[PDB]
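In: model the structure of this input:
(2 chains)
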Amino acid sequence: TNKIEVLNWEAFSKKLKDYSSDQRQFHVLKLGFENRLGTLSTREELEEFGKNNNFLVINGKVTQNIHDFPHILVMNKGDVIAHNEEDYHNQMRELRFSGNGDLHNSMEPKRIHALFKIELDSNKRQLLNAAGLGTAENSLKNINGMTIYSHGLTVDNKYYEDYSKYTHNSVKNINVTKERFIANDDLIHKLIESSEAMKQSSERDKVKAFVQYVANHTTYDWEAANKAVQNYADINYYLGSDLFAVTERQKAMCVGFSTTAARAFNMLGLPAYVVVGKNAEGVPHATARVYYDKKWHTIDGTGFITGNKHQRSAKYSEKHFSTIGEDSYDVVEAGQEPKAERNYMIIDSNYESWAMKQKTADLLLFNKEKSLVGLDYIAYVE
Amino acid sequence: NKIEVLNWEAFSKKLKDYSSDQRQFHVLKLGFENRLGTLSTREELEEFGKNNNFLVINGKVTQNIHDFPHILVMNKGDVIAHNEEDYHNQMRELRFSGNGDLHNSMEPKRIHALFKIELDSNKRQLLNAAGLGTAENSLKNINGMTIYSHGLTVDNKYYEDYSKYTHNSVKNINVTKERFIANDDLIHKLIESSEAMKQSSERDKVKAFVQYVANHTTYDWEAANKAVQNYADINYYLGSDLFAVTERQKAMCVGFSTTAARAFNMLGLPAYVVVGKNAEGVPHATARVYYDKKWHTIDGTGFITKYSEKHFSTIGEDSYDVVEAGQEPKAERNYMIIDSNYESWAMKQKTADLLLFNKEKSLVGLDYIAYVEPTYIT
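Out: Numbers count the residues shown, from 1 in each chain, chains lettered A, B, ... in the order given. Coordinates below:
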């Protein structure tokens, strides 16, 4: 009866070149999945599918003619094809748990397939659910002259997919490569360009311009900030706070804003670092400290959060006009305990005295070339 | 001073040579202030050898630190500076975590030395100003000689925070049959402790178990509150899966219901897990459980930040309207979506078969059928 060969991309590609040399695009079906894995796929994209899938040849045929278009059949590398009924029933005798798979590297749900009808019925799936487990759903594909049936082989925690989204989000921003970091520095450079900060005369107006631009093109993450004030554990806090938040994600919280700003200011020859303290409403906050016009300043790049105002005291007036809230924080020295509990930033004066005297490009530590003021400029004078 | 770095094989050779009598070691890992192992065996040392190499200092394989033998290890990948210049070369250009081959692992690497090396506060302030971090300065004084360590690779400064999410996301999936069986054992302990088997009637077994579990498991009100705030949260899954009440000892409705359903099938009380809305109109889950000739809705969700007998009677048992799979609820309040055809099928099964796996952990053996209820008066 019907034969099925399982080949990898190398072997399959050979057969493809023999039986379909003129064919340039292919649809691709993956056994166990509703939608095409690929539509109008090229041989390069086929090869890419070959990393996680093997290819099927059925009765000598490399493709299935479906609505007059060649379809390639693939399946997950750990899947099994039951040869006959006896084999299938051997295979389903005992629940097969995901963690006991031989190949350690791939423990996503495996499937079993057969040219005869196989399924796991709603009763068995209800019992799996009753043990907190899940397993891939029933499905089939009608092809040329036969039908291939599929369903879960391994059982696992029924929340596997939900969890695995957290796996992905938890790793996509760590193990950062030098390439990733340089590309981010490019994103910052582009923010600097778009802000037109370099077109400003004074250093102060450079700051103003960049801060206002970023505030006008980055979403503040109200939800995550909300959950963070009620110290509720949230991966979104980190996604809004790290070096990729305003640049890649375009959605950020205070630490994100302040880190992107500090990086940008150092590029612009304006000695900067990130500080933390508390809101004028007592809630934990973060800002940048930036050196310009002979002084270290507190710059709050997220000055739109608090609906409630608080004036006073006079140093020396509101007439010292700022439209980015320059130096509106009290400062607390690193080490010293905060004597108040609102409207302070914890600064480090030794570091500030040190930083203002360094070559600004050195302050970048790495990728020093992206400095916009060369490699020798020092902000401090006399 | 001489420091030599050995994998577990070679080090085991030398340990056999010089410390055969010692069957337990404490284990210090360079760059870490706590011990890595406490009274570790050679088994556990071998496990340590998967991600760490072993230090041999001036020929010695073991150290007397507080009148007990200690072994020094360090992460594979960590580097040793031999002199000031060598140290400068290693540090000359930022080393990013993701640029190791490695092939494994990609955890922060550290650099070590027998002379003073540190990443001072200035440098860490600049790293911080880049959104970057690296391992802390650290120190071990072994026997008059001092081993200095600090971070070597740099990465996203939230590396540790993200990695807790990585860990929590994978620790409960790729479940092994051994893990599943051990979870069944945890459930058995809950049953024993609940004294449910020592009750006379089915209803009392159900009440005892549900009560005990709801009284000895933390209800995760935060996760629940955020779930009704439709704020995506890994803690929902941690409070909902099969390890929630058993391992985590902290759960929401699906967790309580799933553990209870499993226990009831073990106890010979046909059970499955159903969803719907509680009396407030918010998404809830319960267990449907067969006993006393009827299918019942059992809501065993706890309240501890006491689940009483009154609560069981008025809320825990049969307090929901049932709606058939496929049908619309009367209001969006106080209903559970059941499968009547499934209920009819399951109640006639050998209850061990309802467990699908680890059937020998059935507390009523292999032949128990709940549907056997042959007289009217009971």
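
In: isn't residue A:229 up against residue A:282?
Out: No. Counting by CB atoms under 8 Å, residue A:229 stays clear of residue A:282, with 10.0 Å between them. (Each C-beta comes from the backbone N, C-alpha and C, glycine too.)

In: what about the single longest helix found in chain A, near chain B?
Out: The residue-count maximum for a helix in chain A (DSSP state H) belongs to helix A:178-195. Yes. Residues of helix A:178-195 contacting chain B under CB under 8 Å from any CB of the partner chain: A:178, A:180-181.

In: what of stretch A:316-336?
Out: No. Using CB under 8 Å from any CB, stretch A:316-336 stays clear of chain B, coming no nearer than 8.7 Å.

In: contacts for that stretch, please.
Out: Stretch A:316-336 is contacted by residues A:204, A:207-208, A:211-212, A:277, A:280, A:287, A:297-301, A:303, A:311, A:338-340, A:343-349 when judged by CB atoms under 8 Å, 6 or more residues apart in numbering or on different chains.

In: and if you look at stretch A:189-202?
Out: Stretch A:189-202 has contacts (CB under 8 Å, 6+ apart) with A:205-210, A:212-214, A:217, A:246-247, A:260, A:264, A:267-268, A:292-293, A:370, A:372.

In: repeat that for stretch A:303-313.
Out: So stretch A:303-313 is contacted by A:215, A:220, A:225, A:279-281, A:318, A:324-325, A:343 (CB under 8 Å, 6+ apart).

In: just the buried subset of those, please.
Out: A:215, A:220, A:225, A:279-280, A:324-325, A:343 (16 or more other CB atoms under 10 Å in any protein chain shown).

In: from the residues you listed, pick the one nearest residue A:91.
Out: residue A:225 (51.4 Å; CB to CB).

In: residue A:275: neighbour count?
Out: 26 (other CB atoms under 10 Å in any protein chain shown).

In: kindly apply the preceding question to residue A:165 instead.
Out: 13.

In: that one should be in a helix, yeah?
Out: Yes. With DSSP: H, G, I helix; E, B strand; the rest coil as the criterion, residue A:165 is part of a helix.

In: any idea how far it lies from chain B?
Out: Distance, residue A:165 to chain B, by CB to the nearest CB, to the nearest Å: 8 Å.

In: ok, residue A:111 next?
Out: Distance of residue A:111 to chain B, computed by CB to the nearest CB: 16 Å.

In: cool, and residue A:320?
Out: 27 Å.

In: with residue A:120 instead?
Out: 11 Å.

In: of the contacts of stretch A:316-336, grab the buried ones for ChimeraX.
Out: Buried members of those, defined by 16+ other CB under 10 Å, are picked up in ChimeraX with:
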select /A:204,207,208,211,212,277,280,287,297,298,299,300,301,303,343,344,345,346,347,348
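
In: returning to that earlier point: counting only helices, which of the contacts of stretch A:189-202 make the cut?
Out: In this view, the contacts of stretch A:189-202 that belong to helices under DSSP H are A:205-210, A:212-214, A:217, A:260, A:264, A:267.

In: of the residues you listed, which ones also sit close to chain B?
Out: Answer for the ones in helices among the contacts of stretch A:189-202 near chain B (CB under 8 Å from any CB): residue A:260.

In: can I get the longest helix of chain A in CSV, CA atoms only?
Out: The C-alpha trace of helix A:178-195 is given here as CSV (Å, rounded to 0.1, in the frame of the first residue of the first chain):
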residue,chain,number,x,y,z
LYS,A,178,27.7,43.8,20.5
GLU,A,179,25.8,44.0,17.2
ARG,A,180,22.5,44.5,19.1
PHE,A,181,24.1,47.2,21.2
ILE,A,182,25.5,49.1,18.2
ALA,A,183,22.2,48.9,16.4
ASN,A,184,20.5,50.4,19.4
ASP,A,185,23.1,53.1,19.4
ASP,A,186,22.1,53.7,15.9
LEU,A,187,18.4,54.0,16.9
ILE,A,188,19.5,56.6,19.5
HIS,A,189,21.5,58.5,16.9
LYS,A,190,18.4,58.7,14.7
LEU,A,191,16.3,60.0,17.7
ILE,A,192,19.0,62.7,18.1
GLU,A,193,18.8,63.5,14.4
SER,A,194,15.0,63.7,14.5
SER,A,195,15.0,65.8,17.6
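
In: so how many other residues sit close to the closest residue to chain B within the stretch 151-300 of chain A?
Out: As assessed by CB to the nearest CB, chain B sits closest to residue A:243 within the stretch 151-300 of chain A, at 2.8 Å. By other CB under 10 Å, 26 other residues sit near residue A:243.

In: now it: closest residue in space, sequence neighbours ignored.
Out: residue B:131 (2.8 Å; CB to CB, 6 or more residues apart in numbering or on different chains).

In: C-terminal to the one helix or strand residue A:224 maps to, what's the next element?
Out: Assessed by DSSP states H and E, residue A:224 sits inside helix A:222-229. Heading C-terminal from helix A:222-229, the first helix or strand you meet, by DSSP H and E, is helix A:235-241.

In: what residues does the next helix or strand after that next one touch?
Out: For helix A:235-241, the following helix or strand on the C-terminal side (DSSP H and E) is strand A:251-252. By CB under 8 Å, 6+ apart, the list of residues contacting strand A:251-252 from outside reads A:218-221, A:240-241, A:245-246, A:260.

In: run the last query once more with 7 Å
Out: Residues outside strand A:251-252 that contact it (CB atoms under 7 Å, 6 or more residues apart in numbering or on different chains): A:218-219, A:221, A:240, A:245-246.

In: would you mind giving those as a markdown table with neighbour count added?
Out: Shown next, in a markdown table, are the contacts of strand A:251-252 (neighbours: other CB atoms under 10 Å in any protein chain shown):
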| residue | neighbour count |
| --- | --- |
| A:218 | 22 |
| A:219 | 11 |
| A:221 | 23 |
| A:240 | 27 |
| A:245 | 24 |
| A:246 | 28 |
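
In: now the angle from the helix or strand residue A:125 falls within to strand B:283-291?
Out: Assessed by DSSP H and E, residue A:125 sits inside helix A:122-130. When axes from the mean of the first three to the mean of the last three CA atoms, to 10 degrees is applied, the directions of helix A:122-130 and strand B:283-291 differ by 110 degrees.

In: give the buried residues for helix A:122-130.
Out: Buried residues in helix A:122-130 (16+ other CB under 10 Å): A:123, A:125-130.

In: if we look at that helix, which residues are touching it?
Out: Counting by CB under 7 Å, 6+ apart, A:134-135, A:155, A:158, B:261-262, B:265, B:271-273, B:339, B:342, B:345, B:354, B:356 sit against helix A:122-130.

In: then stretch A:36-44?
Out: By CB under 7 Å, 6+ apart, stretch A:36-44 touches A:24-30, A:45, A:49, A:74.

In: repeat the analysis, applying 10 Å as the threshold.
Out: Contact with stretch A:36-44 is made by A:9, A:13, A:16-17, A:20, A:23-31, A:45-49, A:52-53, A:66, A:69, A:71-75, as judged by CB atoms under 10 Å, 6 or more residues apart in numbering or on different chains.

In: show the buried residues in the residues you listed.
Out: Among the contacts of stretch A:36-44, those classed as buried by neighbour count (16+ other CB under 10 Å) are A:9, A:13, A:16, A:20, A:26-31, A:46, A:49, A:53, A:71-75.

In: how distant is stretch A:199-217 from the center of its chain?
Out: With CA atoms, centre = their mean, to the nearest Å as the basis, stretch A:199-217 stands 28 Å off its chain's centre.

In: and what of stretch A:206-218?
Out: So, by CA atoms, centre = their mean, the centroid of stretch A:206-218 is 24 Å from its chain's centroid.

In: just the CA trace of it, in PDB.
Out: Taking Å, rounded to 0.1, in the frame of the first residue of the first chain, the C-alpha atoms of stretch A:206-218 are listed here in PDB:
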ATOM      1  CA  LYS A 206      19.900  70.600  22.900                       C
ATOM      2  CA  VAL A 207      18.600  68.900  26.100                       C
ATOM      3  CA  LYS A 208      15.200  70.600  25.700                       C
ATOM      4  CA  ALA A 209      14.900  69.600  22.100                       C
ATOM      5  CA  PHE A 210      15.900  65.900  22.600                       C
ATOM      6  CA  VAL A 211      13.800  65.500  25.800                       C
ATOM      7  CA  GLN A 212      10.700  67.000  24.200                       C
ATOM      8  CA  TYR A 213      11.100  65.000  21.000                       C
ATOM      9  CA  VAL A 214      11.400  61.600  22.800                       C
ATOM     10  CA  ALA A 215       8.400  62.500  25.100                       C
ATOM     11  CA  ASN A 216       6.400  63.300  21.900                       C
ATOM     12  CA  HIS A 217       7.200  60.000  20.100                       C
ATOM     13  CA  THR A 218       7.300  57.400  22.900                       C
END
